[PDB]
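Engineer: Just protein.cif, nothing more (mmCIF, C-alpha atoms):
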```
data_protein
loop_
_atom_site.group_PDB
_atom_site.id
_atom_site.type_symbol
_atom_site.label_atom_id
_atom_site.label_comp_id
_atom_site.auth_asym_id
_atom_site.auth_seq_id
_atom_site.Cartn_x
_atom_site.Cartn_y
_atom_site.Cartn_z
ATOM 1 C CA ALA O 1 -86.984 215.094 5.802
ATOM 2 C CA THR O 2 -90.615 214.098 5.223
ATOM 3 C CA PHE O 3 -92.304 214.535 1.838
ATOM 4 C CA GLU O 4 -96.046 214.052 1.868
ATOM 5 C CA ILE O 5 -97.040 212.944 -1.613
ATOM 6 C CA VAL O 6 -100.712 213.580 -2.296
ATOM 7 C CA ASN O 7 -102.702 212.458 -5.353
ATOM 8 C CA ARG O 8 -105.492 215.021 -6.080
ATOM 9 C CA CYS O 9 -105.882 213.693 -9.656
ATOM 10 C CA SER O 10 -109.138 211.915 -10.551
ATOM 11 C CA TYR O 11 -107.071 208.916 -11.746
ATOM 12 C CA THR O 12 -104.674 206.584 -9.929
ATOM 13 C CA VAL O 13 -100.953 207.370 -10.176
ATOM 14 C CA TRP O 14 -97.953 205.436 -8.954
ATOM 15 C CA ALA O 15 -95.647 207.845 -7.153
ATOM 16 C CA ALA O 16 -91.933 207.315 -7.567
ATOM 17 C CA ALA O 17 -88.938 208.680 -5.702
ATOM 18 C CA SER O 18 -85.233 208.139 -6.513
ATOM 19 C CA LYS O 19 -81.828 209.831 -6.586
ATOM 20 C CA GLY O 20 -80.853 208.001 -9.718
ATOM 21 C CA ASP O 21 -78.663 205.263 -8.275
ATOM 22 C CA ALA O 22 -80.997 204.283 -5.387
ATOM 23 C CA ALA O 23 -84.584 204.465 -4.175
ATOM 24 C CA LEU O 24 -85.638 207.105 -1.764
ATOM 25 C CA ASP O 25 -87.666 205.380 1.016
ATOM 26 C CA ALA O 26 -89.550 202.457 -0.588
ATOM 27 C CA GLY O 27 -89.041 204.196 -3.974
ATOM 28 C CA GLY O 28 -92.601 203.786 -5.278
ATOM 29 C CA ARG O 29 -96.246 203.134 -4.303
ATOM 30 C CA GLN O 30 -99.750 203.285 -5.817
ATOM 31 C CA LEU O 31 -101.769 206.348 -4.870
ATOM 32 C CA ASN O 32 -105.475 206.193 -5.698
ATOM 33 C CA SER O 33 -107.360 209.464 -6.222
ATOM 34 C CA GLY O 34 -107.082 211.342 -2.928
ATOM 35 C CA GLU O 35 -104.530 209.157 -1.185
ATOM 36 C CA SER O 36 -101.461 210.526 0.621
ATOM 37 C CA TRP O 37 -98.151 208.689 1.067
ATOM 38 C CA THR O 38 -95.507 210.189 3.400
ATOM 39 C CA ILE O 39 -91.890 209.265 2.741
ATOM 40 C CA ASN O 40 -88.683 209.941 4.603
ATOM 41 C CA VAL O 41 -85.718 211.161 2.631
ATOM 42 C CA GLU O 42 -82.217 211.074 4.226
ATOM 43 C CA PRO O 43 -80.745 214.563 4.993
ATOM 44 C CA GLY O 44 -77.994 215.498 2.472
ATOM 45 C CA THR O 45 -79.798 213.750 -0.398
ATOM 46 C CA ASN O 46 -78.409 215.343 -3.519
ATOM 47 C CA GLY O 47 -80.220 215.201 -6.863
ATOM 48 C CA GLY O 48 -83.442 213.574 -5.537
ATOM 49 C CA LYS O 49 -86.482 213.341 -7.761
ATOM 50 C CA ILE O 50 -90.156 212.577 -7.275
ATOM 51 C CA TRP O 51 -92.592 211.994 -10.090
ATOM 52 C CA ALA O 52 -95.857 210.357 -10.996
ATOM 53 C CA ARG O 53 -96.365 207.365 -13.256
ATOM 54 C CA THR O 54 -99.610 206.606 -15.177
ATOM 55 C CA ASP O 55 -101.453 203.473 -16.412
ATOM 56 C CA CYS O 56 -99.200 200.931 -14.679
ATOM 57 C CA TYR O 57 -99.671 197.178 -14.172
ATOM 58 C CA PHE O 58 -97.597 195.320 -11.623
ATOM 59 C CA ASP O 59 -97.738 191.645 -10.726
ATOM 60 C CA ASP O 60 -97.415 190.155 -7.176
ATOM 61 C CA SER O 61 -93.577 190.635 -7.015
ATOM 62 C CA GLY O 62 -93.869 194.304 -8.131
ATOM 63 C CA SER O 63 -92.733 193.941 -11.760
ATOM 64 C CA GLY O 64 -94.663 195.377 -14.651
ATOM 65 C CA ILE O 65 -94.916 198.449 -16.789
ATOM 66 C CA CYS O 66 -96.065 202.100 -16.775
ATOM 67 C CA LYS O 67 -97.108 204.183 -19.780
ATOM 68 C CA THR O 68 -95.231 207.250 -18.435
ATOM 69 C CA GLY O 69 -92.403 207.340 -15.923
ATOM 70 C CA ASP O 70 -91.546 203.632 -15.939
ATOM 71 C CA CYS O 71 -88.372 203.015 -13.940
ATOM 72 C CA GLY O 72 -87.203 199.662 -15.419
ATOM 73 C CA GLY O 73 -90.553 197.905 -14.785
ATOM 74 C CA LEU O 74 -90.442 198.149 -10.942
ATOM 75 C CA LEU O 75 -93.151 199.366 -8.495
ATOM 76 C CA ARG O 76 -90.393 200.371 -6.143
ATOM 77 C CA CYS O 77 -88.151 202.653 -8.251
ATOM 78 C CA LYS O 78 -84.362 202.535 -7.858
ATOM 79 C CA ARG O 79 -83.583 204.702 -10.921
ATOM 80 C CA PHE O 80 -85.164 207.597 -12.782
ATOM 81 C CA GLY O 81 -88.307 207.073 -14.871
ATOM 82 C CA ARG O 82 -88.868 206.976 -18.615
ATOM 83 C CA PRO O 83 -89.975 210.359 -20.125
ATOM 84 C CA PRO O 84 -92.372 212.025 -20.262
ATOM 85 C CA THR O 85 -92.284 212.896 -16.520
ATOM 86 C CA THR O 86 -92.965 216.199 -14.785
ATOM 87 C CA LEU O 87 -90.225 216.279 -12.108
ATOM 88 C CA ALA O 88 -90.037 217.522 -8.519
ATOM 89 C CA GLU O 89 -86.256 217.937 -7.917
ATOM 90 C CA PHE O 90 -84.386 218.645 -4.736
ATOM 91 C CA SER O 91 -81.048 218.643 -3.059
ATOM 92 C CA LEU O 92 -81.180 218.792 0.728
ATOM 93 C CA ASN O 93 -78.674 220.247 3.283
ATOM 94 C CA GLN O 94 -76.299 221.623 0.667
ATOM 95 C CA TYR O 95 -74.081 223.874 2.747
ATOM 96 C CA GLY O 96 -76.928 224.663 5.135
ATOM 97 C CA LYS O 97 -79.784 224.998 2.588
ATOM 98 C CA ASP O 98 -82.349 223.007 0.608
ATOM 99 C CA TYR O 99 -82.886 223.558 -3.119
ATOM 100 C CA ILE O 100 -86.163 222.701 -4.859
ATOM 101 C CA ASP O 101 -87.570 223.117 -8.363
ATOM 102 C CA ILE O 102 -89.949 221.607 -10.942
ATOM 103 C CA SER O 103 -88.557 220.631 -14.324
ATOM 104 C CA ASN O 104 -90.095 219.963 -17.747
ATOM 105 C CA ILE O 105 -86.689 219.045 -19.269
ATOM 106 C CA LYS O 106 -87.772 215.366 -19.355
ATOM 107 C CA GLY O 107 -91.288 216.341 -20.575
ATOM 108 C CA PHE O 108 -94.628 216.543 -18.751
ATOM 109 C CA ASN O 109 -97.135 213.846 -17.814
ATOM 110 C CA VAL O 110 -99.061 215.064 -14.733
ATOM 111 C CA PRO O 111 -99.558 218.496 -13.178
ATOM 112 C CA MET O 112 -97.718 219.135 -9.949
ATOM 113 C CA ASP O 113 -97.275 221.440 -6.986
ATOM 114 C CA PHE O 114 -94.045 221.169 -4.930
ATOM 115 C CA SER O 115 -94.260 223.214 -1.657
ATOM 116 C CA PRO O 116 -92.534 223.319 1.737
ATOM 117 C CA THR O 117 -94.722 222.421 4.713
ATOM 118 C CA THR O 118 -92.370 224.310 7.057
ATOM 119 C CA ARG O 119 -91.450 228.081 7.139
ATOM 120 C CA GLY O 120 -89.170 230.317 5.146
ATOM 121 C CA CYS O 121 -89.650 229.835 1.403
ATOM 122 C CA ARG O 122 -92.315 229.505 -1.296
ATOM 123 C CA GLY O 123 -93.477 226.582 -3.433
ATOM 124 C CA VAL O 124 -93.312 226.040 -7.189
ATOM 125 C CA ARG O 125 -96.081 224.792 -9.474
ATOM 126 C CA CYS O 126 -96.586 223.502 -12.979
ATOM 127 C CA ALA O 127 -100.346 222.861 -13.199
ATOM 128 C CA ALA O 128 -101.220 224.071 -16.729
ATOM 129 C CA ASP O 129 -102.776 221.638 -19.218
ATOM 130 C CA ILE O 130 -99.562 220.922 -21.061
ATOM 131 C CA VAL O 131 -100.738 217.499 -22.220
ATOM 132 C CA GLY O 132 -103.855 218.930 -23.927
ATOM 133 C CA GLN O 133 -101.977 221.841 -25.541
ATOM 134 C CA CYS O 134 -98.827 219.800 -26.405
ATOM 135 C CA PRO O 135 -97.373 220.554 -29.903
ATOM 136 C CA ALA O 136 -98.137 217.748 -32.410
ATOM 137 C CA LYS O 137 -94.566 216.481 -32.693
ATOM 138 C CA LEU O 138 -94.112 216.327 -28.929
ATOM 139 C CA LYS O 139 -97.233 214.289 -28.138
ATOM 140 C CA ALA O 140 -96.238 210.937 -26.663
ATOM 141 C CA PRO O 141 -98.369 208.159 -28.150
ATOM 142 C CA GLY O 142 -97.989 206.443 -24.775
ATOM 143 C CA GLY O 143 -99.617 209.479 -22.969
ATOM 144 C CA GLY O 144 -98.156 212.884 -21.969
ATOM 145 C CA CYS O 145 -95.853 215.497 -23.651
ATOM 146 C CA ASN O 146 -92.148 214.702 -24.548
ATOM 147 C CA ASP O 147 -89.354 217.238 -24.312
ATOM 148 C CA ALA O 148 -87.597 217.912 -27.589
ATOM 149 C CA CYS O 149 -84.339 216.160 -26.553
ATOM 150 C CA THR O 150 -86.267 212.895 -26.107
ATOM 151 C CA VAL O 151 -87.940 213.282 -29.484
ATOM 152 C CA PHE O 152 -85.100 214.610 -31.671
ATOM 153 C CA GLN O 153 -81.838 213.723 -29.947
ATOM 154 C CA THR O 154 -79.887 216.826 -31.157
ATOM 155 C CA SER O 155 -77.068 218.733 -29.312
ATOM 156 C CA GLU O 156 -79.249 221.861 -29.328
ATOM 157 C CA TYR O 157 -82.265 220.252 -27.511
ATOM 158 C CA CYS O 158 -80.104 218.027 -25.219
ATOM 159 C CA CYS O 159 -77.536 220.764 -24.468
ATOM 160 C CA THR O 160 -74.758 218.266 -24.866
ATOM 161 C CA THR O 161 -71.874 220.725 -25.497
ATOM 162 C CA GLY O 162 -73.225 222.945 -22.714
ATOM 163 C CA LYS O 163 -73.955 225.775 -25.127
ATOM 164 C CA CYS O 164 -77.667 225.577 -26.169
ATOM 165 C CA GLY O 165 -80.330 228.295 -26.278
ATOM 166 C CA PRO O 166 -84.098 228.330 -25.965
ATOM 167 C CA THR O 167 -86.099 226.761 -28.756
ATOM 168 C CA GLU O 168 -89.639 226.839 -30.155
ATOM 169 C CA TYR O 169 -90.287 223.640 -28.151
ATOM 170 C CA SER O 170 -88.742 224.817 -24.879
ATOM 171 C CA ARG O 171 -90.722 228.069 -25.244
ATOM 172 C CA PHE O 172 -94.012 226.182 -25.277
ATOM 173 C CA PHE O 173 -93.197 224.580 -21.901
ATOM 174 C CA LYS O 174 -91.977 227.968 -20.506
ATOM 175 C CA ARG O 175 -95.197 229.738 -21.675
ATOM 176 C CA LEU O 176 -97.483 227.083 -20.141
ATOM 177 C CA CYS O 177 -95.339 226.859 -16.960
ATOM 178 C CA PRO O 178 -93.079 229.887 -16.371
ATOM 179 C CA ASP O 179 -91.998 228.469 -12.983
ATOM 180 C CA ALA O 180 -90.482 225.138 -14.178
ATOM 181 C CA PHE O 181 -87.247 224.478 -16.124
ATOM 182 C CA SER O 182 -88.051 224.282 -19.815
ATOM 183 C CA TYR O 183 -84.496 223.465 -21.131
ATOM 184 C CA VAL O 184 -81.106 222.668 -19.536
ATOM 185 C CA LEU O 185 -79.807 226.266 -19.522
ATOM 186 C CA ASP O 186 -83.079 227.920 -18.720
ATOM 187 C CA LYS O 187 -82.859 230.857 -16.301
ATOM 188 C CA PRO O 188 -83.073 229.020 -12.927
ATOM 189 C CA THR O 189 -86.415 228.827 -11.104
ATOM 190 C CA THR O 190 -84.830 226.964 -8.213
ATOM 191 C CA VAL O 191 -86.099 228.011 -4.727
ATOM 192 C CA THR O 192 -83.697 228.222 -1.751
ATOM 193 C CA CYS O 193 -85.272 226.821 1.477
ATOM 194 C CA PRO O 194 -83.880 226.418 5.045
ATOM 195 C CA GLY O 195 -81.798 223.224 5.478
ATOM 196 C CA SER O 196 -83.942 220.319 6.688
ATOM 197 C CA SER O 197 -87.292 221.760 5.516
ATOM 198 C CA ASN O 198 -90.230 219.333 4.952
ATOM 199 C CA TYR O 199 -92.372 219.202 1.818
ATOM 200 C CA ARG O 200 -95.563 218.227 0.071
ATOM 201 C CA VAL O 201 -95.785 217.108 -3.565
ATOM 202 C CA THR O 202 -99.342 217.358 -4.853
ATOM 203 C CA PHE O 203 -100.379 215.815 -8.161
ATOM 204 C CA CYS O 204 -103.181 217.722 -9.961
ATOM 205 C CA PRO O 205 -103.163 220.615 -7.360
ATOM 206 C CA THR O 206 -105.974 222.525 -9.146
ATOM 207 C CA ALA O 207 -109.372 221.623 -10.808
#
```
Using structure tokens, write down the structure that the file contains.
Structural biologist:
Amino acid sequence: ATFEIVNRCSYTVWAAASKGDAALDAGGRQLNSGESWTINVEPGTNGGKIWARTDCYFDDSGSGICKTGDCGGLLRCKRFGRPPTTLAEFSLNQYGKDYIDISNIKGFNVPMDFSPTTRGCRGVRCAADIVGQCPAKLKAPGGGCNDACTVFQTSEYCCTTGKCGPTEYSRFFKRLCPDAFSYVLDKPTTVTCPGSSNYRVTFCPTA
């Protein structure tokens, strides 16, 4: 499956793509404002994620650091990135279907649209200004808006025991972006697409 990753933001981002234990495609690449990078993701990829990283520096061997979304200091991500990170999430060819969603469970750094480029389903979007409206105690000094699990490390926010409910913090994310996961047990906003669909992830989809 092809995922065209497009940077409409006015600033550079470093796209990242991983399934947690491995890179997807090259795993990461710089995208200046306006650039597009098309990756190929193996069919049957389960638990894939794509995200943006901001204010990164890499040296000649591709080691450095990112202020949001850092995946162990690599340009080419092999693991998931450090919160806060708005997340495009997908599992492909799962009994004949693709499943896609956007999640704020690991916080928010960059607005995002995640849409099929082929027929038979709709896209999802979290493009509100969550960074600018972020509650005081969630603001990440490094840039972006942390989820409450990251900040407070409680069973209620992290949903450790599997029994959590919505919270003042999760409700802020859900109000800004009704169509993204705001906590682990949020009512699903996952979209079912035909197996082997193709996709576009757009950073900063709106003005």
Engineer: What is the distance between CA of residue 27 (chain O) and CA of residue 121 (chain O), in Å to one decimal?
Structural biologist: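 Interatomic distance here is 26.2 Å.
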Engineer: Quick one: residues within 7 Å of residue 43 (chain O), all atoms listed in the file, excluding same-chain residues fewer than 3 positions away - as a PDB file with C-alpha atoms, in the frame of the given file?
Structural biologist:
```pdb
ATOM      1  CA  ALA O   1     -86.984 215.094   5.802  1.00  0.00           C
ATOM      2  CA  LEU O  92     -81.180 218.792   0.728  1.00  0.00           C
ATOM      3  CA  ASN O  93     -78.674 220.247   3.283  1.00  0.00           C
ATOM      4  CA  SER O 196     -83.942 220.319   6.688  1.00  0.00           C
TER       5      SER O 196
END
```
Engineer: Tell me which residues come within 12 Å of (-105.4, 200.4, -4.3), as a VMD selection string, counting only C-alpha atoms in the file's coordinates.
Structural biologist: chain O and resid 11 to 14 29 to 36 57 to 58
Engineer: In Å, with one decimal, what is the gap from CA of residue 134 (chain O) to CA of residue 66 (chain O)?
Structural biologist: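 Here the two named atoms are 20.3 Å from each other.
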Engineer: I'd like the interatomic distance between CA of residue 154 (chain O) and CA of residue 19 (chain O), to a tenth of an Å.
Structural biologist: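 Computing the Euclidean distance for CA of residue 154 (chain O) and CA of residue 19 (chain O) yields 25.6 Å.
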Engineer: Which polymer residues have any atom within 8 Å of an atom of residue 138 (chain O), counting all atoms listed in the file, with same-chain residues fewer than 3 positions away left out, as a list in words?
Structural biologist: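 These residues fall inside the cut-off: residues 134, 135, 145, 146, 147, 148 and 151 of chain O.
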Engineer: Restricting the calculation to only C-alpha atoms: of O:109, O:153, O:40, O:46, which residue gets closest to residue 95 (chain O)?
Structural biologist: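 Closest candidate: O:46.
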Engineer: Got a sec to resolve the PyMOL selection byres ((chain O and resi 158-165) around 8) on this structure and send the residues as a list in words?
Structural biologist: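 Expected selection for the PyMOL selection byres ((chain O and resi 158-165) around 8) here is residues 148, 149, 153, 154, 155, 156, 157, 166, 167, 184 and 185 of chain O.
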Engineer: If we count only C-alpha atoms and set the cut-off at 10 Å, which residues sit around residue 130 (chain O), ignoring sequence neighbours fewer than 2 positions away in its own chain? Please answer as a list in words.
Structural biologist: residues 107, 108, 109, 110, 111, 126, 127, 128, 132, 133, 134, 135, 139, 144, 145, 172, 173, 175, 176 and 177 of chain O
Engineer: Pick out the closest residue to residue 201 (chain O) from this set: O:143, O:188, O:123, O:178. Count only C-alpha atoms.
Structural biologist: O:123
Engineer: For each of O:83, O:96, O:205, O:120, take the minimum atom-to-atom distance to residue 54 (chain O), counting all atoms listed in the file, then give the residue where this is smallest.
Structural biologist: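 Comparing O:83, O:96, O:205, O:120 against residue 54 (chain O), the winner is O:83.
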Engineer: Decode the PyMOL selection byres ((chain O and resi 68) around 6) for the given file into explicit residues and return them as a ChimeraX atom specification.
Structural biologist: /O:53-54,66-67,69-70,84
Engineer: Can you tell me, as number ranges by chain, what residues are no more than 7 Å from residue 101 (chain O) when counting all atoms listed in the file, ignoring any on the same chain fewer than 3 positions away?
Structural biologist: O: 88-90, 124, 180, 189-191
Engineer: For a quick check of your reading of the model, name the residues lying within 9 Å of the coordinate (-91.1, 214.0, -8.9), counting all atoms listed in the file, and write them as a list in words.
Structural biologist: residues 15, 16, 17, 18, 48, 49, 50, 51, 52, 85, 86, 87, 88, 89, 102, 103, 112, 114 and 201 of chain O
Engineer: Measuring between all atoms listed in the file, which one of O:64, O:116, O:20, O:81 shows the shortest distance to residue 2 (chain O)?
Structural biologist: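 Of all the options, O:116 lies closest to residue 2 (chain O).
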Engineer: For each of O:39, O:45, O:80, O:152, take the minimum atom-to-atom distance to residue 97 (chain O), counting all atoms listed in the file, then give the residue where this is smallest.
Structural biologist: O:45
